[PDB]
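Below is one structure; the comments refer to it alone.
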Amino acid sequence: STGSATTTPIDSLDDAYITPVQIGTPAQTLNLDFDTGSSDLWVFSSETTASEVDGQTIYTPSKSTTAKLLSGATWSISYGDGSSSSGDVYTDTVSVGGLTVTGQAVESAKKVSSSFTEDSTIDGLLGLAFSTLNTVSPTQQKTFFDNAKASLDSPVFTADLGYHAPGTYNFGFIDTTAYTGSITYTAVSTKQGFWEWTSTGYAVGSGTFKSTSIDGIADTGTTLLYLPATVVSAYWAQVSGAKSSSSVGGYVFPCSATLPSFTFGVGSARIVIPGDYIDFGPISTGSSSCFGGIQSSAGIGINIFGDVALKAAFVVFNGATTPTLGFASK
């Protein structure tokens, strides 16, 4: 089997991407944030505290003839941005782009933090990291990909995120028309439950490439590119007026600037992030100070190849017995 679904930016900055997901019978379609940095499929629901729901579409398990309470199971998650959610669990039928999993754990939110409430466009998350990170207790549950894997034509999914435009998540096949050149594959460590890999270095604009190992995670659920302070300083030093602002919470730059590109290494291959991808707009409405899309990972504890980086590539998440990651230009 295969599946193919379009993923759409939630706003003009590409702060996140939503992909429609069918849950239950008859189908209830929710727009979920596909997140290769976590491993829970959770949704706003009929059980979510009413004051914490503000415009999201909810899953109502009582209206689904295939929903079954997973007795005794609960979940609770906290994300890198400080947001969180928790609740109980149903199993139900879940389909993404024509690919159907029966008996998928659907984690129903009883509580969500303010950040989720405040984002009317995201109805929940669909985790695509390794199932070892799944938070369901006392019986850990599998991700949608893990459940689908054996049925797929090939045990892979691909992320093809757009810049200020829709893109695609495919399951079970590699669309050879969706990228240019060849796909360069690179080793993955699953030890922390992430799609963790090592970039071979970087360049800033038309500068020379610096060969250096940068361990990080491919994370579709993180907006920006978080890299070591040395790398980030070298980037922003090429932008007149750029500075790290403790009050704002990262690097800012004059909105009048033209940003240089940033290149990262994948083996001997190179992915180029155009400068415009690194512009996240005014820090506040009407400001002439703009927020940078490359930020320091210092104090996160891990480097994160978030959407800023991933949207510059066609990315293969290869879930073969020994997982690997592939990157191509597009």
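The count begins at 1 with the first shown residue.
According to its header, this structure was worked out by X-ray crystallography, 1.5 Å.
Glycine residues also receive a Cβ, built from the backbone N, Cα and C atoms like all the rest.
According to Swiss-Prot, the features are:
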- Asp35: active site (ACT_SITE)
- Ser199: active site (ACT_SITE)
- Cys255-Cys290: disulfide bond (DISULFID)
- 17-328: domain 'Peptidase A1' (DOMAIN)
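Neighbour count (other Cβ atoms within 10 Å of the Cβ, all protein chains): 15 for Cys255 (disulfide bond). Note: the Cα of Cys255 (disulfide bond) and the Cα of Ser199 (active site) are spaced 30 Å from each other. For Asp35 (active site), applying a Cβ distance below 8 Å and a minimum sequence separation of six or more within one chain yields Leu125, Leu126, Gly127, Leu128, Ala129, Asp219, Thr220, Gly221.
Between the alpha carbons (Cα) of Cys290 (disulfide bond) and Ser199 (active site) lies a span of roughly 27 Å. When other Cβ atoms within 10 Å of the Cβ of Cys290 (disulfide bond) are tallied across all protein chains shown, the result is 21.
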